[PDB]
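This document starts with two versions of one protein chain, written out as structure tokens and named structure 1 and structure 2.
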Structure 1
């Protein structure tokens, strides 16, 4: 417990503040990165699941990758309010050890080729629990940095927690072709050209790394509905929460979907070998986009951006085999552009919402607008994660009813266009 914590005063900070804050920042970043690794796990397990003994339909796999985001987008609003109670250490220790549950469990189901779809539901859920660790890891570290250094630190904290998608989607398809836990009896299943596939690996790998990050959480970290429900009801928390759906939502959605979509249209290719550039270029462009959202205009960048997500989305139609050039590289490039503008906008829309909530709602109110803005950020991120349920669920429900991704893709055009015209009109 840190009694007497006043970090604003340059003296206290420079002498014995910034070192506490920095340590807490690095522990916080490792736990967030792993939480994202676990959160988006299914995105690279499902592409392999039917290769291992299972017989799951396409709509089922897409439902699996889209399912976690339903549990994460709903638990962020409680997780944020959970930190000023147990402390951002005991609630990092706890909120990080309970991921061992779905990791060790998912390592178990994947071995049994007779296990029911119903079990992978509750594992998709419990896996989705580690997407609420963003809200709590973002609430917790703010106290550690001066009211005028919370820009850089939050940027590093969230901005690296993101990277965990990109990391997991690269560690996981690389480790399965190595019998690391064969001494424990982990099933491996042979495939063309010597490929032996132990697919519990991609799930049991994180049990050690999550342990270490739990102990360091217990060792190195320090414990230091009222106005929120007000801030919510204003009818401009909604047309804004929508734009962060089309940006951040479509970094999550495409993160869960892209591996699998690129499996159905192009079975002859090996996507796990290169599905990760997406989420990586995504995080980088995101935190790059945050920096130019206030250095070249807020609304401007979001606009010119959505124009590019709409043009990319329409461009997607000309690559799918059958309804256009059945070429993979073009499909890929267009998806990279999709991730790029998704992250770029994902930032451009956040600093925008900021300078429209500590601005338009700072005139009615100089330290009380900070509250409303904050609450609006919590909401918008939480209702920003339920876009990672939608996109792969629409690829699912399009491949199910029609066999094609076209039925969902058109909805994506319509969405990006309406979004463009709504950035146009109001803001």
Structure 2
């Protein structure tokens, strides 16, 4: 617990602040990366479910992937209010450790083929908790920095939490296939290639990780003492997770033959780098300028992607996966850009309007870190919208399309709306 935090006296900073902040940064991402790992597990799990006992409709499966964001976006609200009640140390542990329960429970469900969908829904929701682990970690790493590095720092906390989805999607398809846990009696299905798929392994390698990090949060982590702008973030980040979630599912329903999980990780891994340097690009080379050029690419790829499917064009996958990388890159920058915009928009407002109308560089740095609540809570509604779109289309129709089209009109409408405030 800290008492005398003066981030802003260059000396306090140079000879101290820039040692503790840089430490607490390095723990916050851990407790985040991992949290995103957990949040988006029904990415790869939902795919491989049926290659075991399970036979869930491909509408149920999308839903599974789509369900975390429901509990996640609701929770993203209260989670802002948490650090300020319990602080950076204490909270970052609870909200991290609380995460083992669904993880363990899912390795368990998945090991039991006669286990009904309802249970997965409970689990899916319990995974959405890990999604709210960003309203906090965002509104916490702020008070560790000047307003000078409040930008860069929020960005490195930002774009490495989202590195988490990608890091699991590369890892968790792979550990299914090594008997890491069978010393616990974890069961598996012997595969065609003649190697056991043990799917609990995608849900259990997180456990120890989680624990180590929630123990690191228990050490080196310490404490301290216009609803439209959100609609854009939704557009530019809901696409990141929305496509992170209900994508690999989608590359199954379109190219059932490709071994997707071997390649789906790259999408977010692209889009995570893309969220990041997409604030520095936004500063030292534009800002509002970007978001449009950007949106008018999403729009592009959004439309384009109609071409790469089994029927319309030749069913080309190495086209489908080409384009989705576009869709990540883009959906990536903007989330970092319409986040940074939102931030100084909000810095200005409450620095200016509140202190020039009427300590404002106090009721604003600690207020920006708040208004990040509503924005990201809303901004996570995309990855419910998305996979659930896809699922539903494929249900009542038989294809994407009626999903791909609402997304298309989305970008357009957006590419359009930003012009009106240009």
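Numbering follows the first chain given and starts at 1. So that the term is clear: the rigid core is the largest set of C-alpha atoms that superpose within 1.5 Å between two forms.
Which is the one residue in 47, 70, 394, 374 whose C-alpha moves 2 Å or more between structures 1 and 2, relative to the superposed rigid core?
The residue that shifts is 374.
Taking 2 Å as the cut-off, check whether the CA of residue 209 shifts that much or more between structures 1 and 2 after a rigid core fit.
No; that C-alpha moves by less than 2 Å between structures 1 and 2.
I want to check residue 57: does it shift between structures 1 and 2 by 2 Å or more at the Cα, with the core superposed?
No, the C-alpha moves less than 2 Å.
Does residue 271 count as moved between structures 1 and 2, where moved means a C-alpha shift of 2 angstroms or more after fitting the rigid core?
Comparing the forms between structures 1 and 2, which are aligned on their rigid core, residue 271 does not shift its C-alpha by 2 Å or more.
Could you tell me the distance the CA of residue 351 travels between structures 1 and 2 after a rigid core superposition, in angstrom?
So the C-alpha of this residue moves 2.8 Å.
After fitting the core, how far does the CA of residue 12 move between structures 1 and 2, in Å?
That residue's C-alpha is offset by 1.4 Å.
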